[PDB]
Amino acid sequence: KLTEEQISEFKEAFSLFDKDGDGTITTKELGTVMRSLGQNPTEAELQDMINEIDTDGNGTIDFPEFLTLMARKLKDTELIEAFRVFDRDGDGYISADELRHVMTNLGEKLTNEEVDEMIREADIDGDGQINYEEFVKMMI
């Protein structure tokens, strides 16, 4: 039962990868996103990833091909690496500016209060920062 909010989330996800917004994700854009989260896939590995879901033989990911990538590679059940990515100064917490820096690096423009609202939504213990438990919760 597809609904509009689901599609909006899919499109936000796709925008996180399609940096120039030209409708397809290239190997460069995919590799950039994977680098921003602490990984170094090679040109050949990225071409392999895209080739497994490419349907029109152009070496780039369009929207349905991206949804298929999600279906194939995402699973319910590595996390500490992502937390460390967000946790810039290594104090065990993700501050508002650290979240803002990650968001910005992903091409997302959020105002100060918007980042604070994200933090507040995910901040259970109310200390003003995101720890590992809260990060895992907001990621699943």
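For every residue, the number given is its place in the sequence shown, counted from 1.
Of the two segments examined, 15-23 and 117-125, it is 117-125 that shows the higher average Cα temperature factor in the deposited entry.
Annotation for 30-38 versus 59-67: the higher mean temperature factor (C-alpha) is found in 30-38.
When all modelled residues of the chain are sorted by CA temperature factor, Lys75 is found within the highest third. The entry lists a Cα temperature factor for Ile53 that places it in the lowest third of the chain's modelled residues. Per the deposited record, the Cα B-factor of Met103 falls in the middle third when ranked against the other modelled residues of its chain.
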